[PDB]
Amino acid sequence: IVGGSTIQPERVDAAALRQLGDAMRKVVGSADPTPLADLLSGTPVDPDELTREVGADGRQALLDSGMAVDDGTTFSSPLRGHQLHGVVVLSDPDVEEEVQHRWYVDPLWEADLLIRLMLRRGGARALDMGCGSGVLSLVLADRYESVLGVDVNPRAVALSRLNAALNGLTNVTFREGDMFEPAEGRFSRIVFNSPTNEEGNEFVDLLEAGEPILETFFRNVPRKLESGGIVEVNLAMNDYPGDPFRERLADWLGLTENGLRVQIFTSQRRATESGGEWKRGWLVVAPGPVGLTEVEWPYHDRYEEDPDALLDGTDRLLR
């Protein structure tokens, strides 16, 4: 019921989308919403008041692209707008798992925090694996010559293309596919907000794909990573008795064989049935002494107190 709406930026002209985006930049994230911001808040709005704000052609672009639906009397949006780190981003609303369509897109549960964790350097070529709304791709576009976003969710690819268009971004490319299949060549930066959480080894859905999606990602990272390159990964990790996640990750990566350095920053931690541990952390591959290091960095708690404590934290902890 939520996350199956049609998204069609190709049905709308590129300048019109940029103009819509400009209108969203003005009002999205500001309290006391205008009609446009309220539409993008999930509030049914009067289509005439909306027209005052985006014009009649902007009014048509919203309908054609699928950002808005005519309920007859009112307009409503299946999507929700965000403005953060200099981009505007539409995504699905935050709702319970029981009402999520198969193509439900991550509503930015962690994107703002992850962007604050990301190393602030730029470079030549970036890959955003499982790009969802496109949010990480869009931010990376400001400091990378080109960015590729990949997702197996066709709806996420359309949404990603829509968001790029809204921001007038021209150096970002999105491809539908499974993992690294549409990603040719190597990248100096790879970022992955992985679909892993509480499911362990089991595939639940596109947002909880199980540990095997991390095996496949990390096994292939060495032939995809440019020499000197950086990989950043949000993930859940499961330590079982005599079987910690880190030993498996080292194997997948071919740590010594490939000359790789990994640091894991663990933020949340919880005891399990098996006498094991469930962890959520931030994993970084970056040039340095071959090996794996794990530290405790409670960036969730610190995000809640002061979001900008996280800026360059990962740089401080590596340089």
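One rule holds for the numbers: they count along the sequence shown, beginning at 1. C-alpha atoms forming the largest set that superposes within 1.5 Å between two forms make up the rigid core.
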Worksheet entry | Stretch farther from the shown model on average in 6 other deposited structures of this protein, with CA RMS computed after core superposition (267-275, 248-256) | 267-275
Worksheet item: Going by the B-factors listed in the PDB entry, is the mean over the C-alpha atoms higher for 101-109 or for 175-183?
Response: 175-183
Item to complete: Could you settle it for me: does 45-53 or 282-290 have the higher average Cα B factor in the PDB entry?
Response: 45-53
Worksheet item: If you check the C-alpha B-factor for each of 200, 154, 93, 72 in the entry, which is highest?
Response: 72
Practice prompt. Taking the chain's C-alpha temperature factors as the reference, tell me which third residue 160 falls into: lowest, middle or highest.
Written response: lowest
Worksheet entry | residue 145 by Cα B-factor - lowest, middle or highest third of the modelled chain | middle
Practice prompt. Compare the C-alpha B factor of residue 194 with those of the other modelled residues in its chain, then answer lowest, middle or highest third.
Written response: lowest
Worksheet, complete the sentence: In terms of its chain's C-alpha B-factors, the third that includes residue 218 is the middle
Worksheet entry | residue 248 - which third its CA temperature factor falls in, relative to the rest of the chain | middle
